[PDB]
Amino acid sequence: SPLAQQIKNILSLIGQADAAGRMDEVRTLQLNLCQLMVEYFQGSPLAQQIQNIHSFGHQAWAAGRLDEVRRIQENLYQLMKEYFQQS
Ligand SMILES: C[N+](C)(CCCS(=O)(=O)[O-])Cc1ccccc1
Ligand SMILES: [Zn+2]
């Protein structure tokens, strides 16, 4: 529950940073969100989907598969906004 609130706070900060065009701030906030996701999702079908899609995106990034990274990141943001009820 505190972890869920920390995650919601990062999701909102990411939205503000993206709205401002602050891509390096988006980068570092995503790194923080990653830290919290690895801890929170180390359950419901959505929780399992977030864990699986998060893992897939990291494998895609490690393999340099950048189109899939972008699409996975978009989907993962959507899943996280649903799970944590972040508008
Ligand atoms: C619903 N998905 C699991 C995709 C399902 C197969 S489809 O993209 O061909 O429709 C979401 C999704 C997951 C990872 C990347 C992009 C989308
Ligand atoms: Zn991550």
Side-chain angles (χ1 to χ4, degrees):
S1 266
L3 202 53
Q5 197 46 58
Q6 286 186 87
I7 286 172
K8 285 173 65 56
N9 292 343
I10 297 287
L11 290 173
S12 190
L13 290 179
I14 289 167
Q16 302 178 25
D18 186 68
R22 292 200 186 272
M23 297 300 101
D24 194 73
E25 191 168 22
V26 173
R27 182 186 69 90
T28 57
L29 291 163
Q30 283 186 346
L31 290 168
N32 299 344
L33 182 68
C34 180
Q35 292 191 243
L36 297 184
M37 284 173 69
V38 178
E39 172 89 354
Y40 189 96
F41 295 108
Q42 51 182 264
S44 59
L46 179 57
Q48 269 186 248
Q49 188 70 7
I50 291 166
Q51 294 175 61
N52 291 343
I53 295 307
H54 179 243
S55 172
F56 177 39
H58 277 287
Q59 292 218 240
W61 174 248
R65 301 301 296 147
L66 305 179
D67 292 311
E68 201 54 33
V69 168
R70 168 181 73 258
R71 304 170 191 138
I72 292 164
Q73 178 166 134
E74 179 185 31
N75 183 252
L76 192 53
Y77 269 120
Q78 190 46 40
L79 299 177
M80 287 286 286
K81 289 184 187 171
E82 300 163 0
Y83 189 91
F84 291 97
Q85 288 291 289
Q86 263 288 111
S87 299

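Both backbone and side-chain heavy atoms feed into the values below; hydrogens, waters and symmetry mates do not. We're numbering straight along the sequence, starting at 1.
Shown here are the salt bridge (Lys or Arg N to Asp or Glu O under 4.0 Å) partners of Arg70, two or more places apart in sequence or in another chain: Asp67. Partners of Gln49 by side chain to side chain donor-acceptor pair (under 3.5 Å), not counting sequence neighbours: none found. Partners of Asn32 by side chain to side chain contact (heavy atoms under 4.5 Å, CB included), not counting sequence neighbours, listed by chain and number: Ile10, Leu29, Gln35.
If you take NZ on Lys81 and OG on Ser12, they are separated by 9.5 Å, rounding to the nearest 0.5 Å. We find the CD1-OG1 distance between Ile14 and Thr28 to be 9.0 Å, quoted to the nearest 0.5 Å. The line from CG of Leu79 to CD of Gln51 is 12.0 Å long, rounded to the nearest 0.5 Å. Annotation: the span from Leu76 atom CG to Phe56 atom CZ amounts to 11.5 Å, rounded to 0.5 Å.
Residues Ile72 and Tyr83 share a hydrophobic cluster, clusters being chains of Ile/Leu/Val/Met/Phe/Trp/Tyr side chains in contact below 4.5 Å. Cluster membership check: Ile53 shares its hydrophobic cluster with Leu36, using side-chain heavy-atom separations under 4.5 Å among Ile, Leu, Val, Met, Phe, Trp and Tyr. Cluster annotation: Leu11 and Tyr40 are assigned to the same hydrophobic cluster (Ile/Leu/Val/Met/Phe/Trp/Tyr, side-chain heavy-atom contacts under 4.5 Å, transitive). No continuous path of hydrophobic side-chain contacts links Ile7 to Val38 [ILVMFWY only; heavy atoms under 4.5 Å]. Residues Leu46 and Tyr77 are members of one and the same hydrophobic cluster, defined by side-chain heavy-atom contacts under 4.5 angstrom among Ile, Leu, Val, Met, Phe, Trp and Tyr.
Residues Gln86 and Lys8 have side chains that bring a donor and an acceptor to within less than 3.5 angstrom of each other. Donor-acceptor pairing under 3.5 Å is lacking for the side chains of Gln48 and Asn52. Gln30 and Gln73 share a side-chain donor-acceptor pair at under 3.5 Å.
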Trace of the side chain to side chain donor-acceptor pair (under 3.5 Å) decision for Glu82 with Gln78
CA-CA 6 Å; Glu82 300 163 0; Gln78 190 46 40; 3.1 Å; yes

Decide yes or no on side chain to side chain contact (heavy atoms under 4.5 Å, CB included) for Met80 and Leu33, but give the supporting numbers first.
CA-CA 10 Å; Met80 287 286 286; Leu33 182 68; 3.9 Å; yes

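The minimum heavy-atom distance between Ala17 and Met23, with the atom names listed, is O-CE, 4.5 Å. Heavy atoms only, all atoms of each residue included: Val69 and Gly57 are closest at CG2-O, 4.1 Å.
In this structure a side-chain-to-backbone donor-acceptor pair under 3.5 Å is missing from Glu25 to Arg22.
Remark: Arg71 engages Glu68 in a salt bridge, criterion side-chain N to carboxylate O under 4.0 Å.
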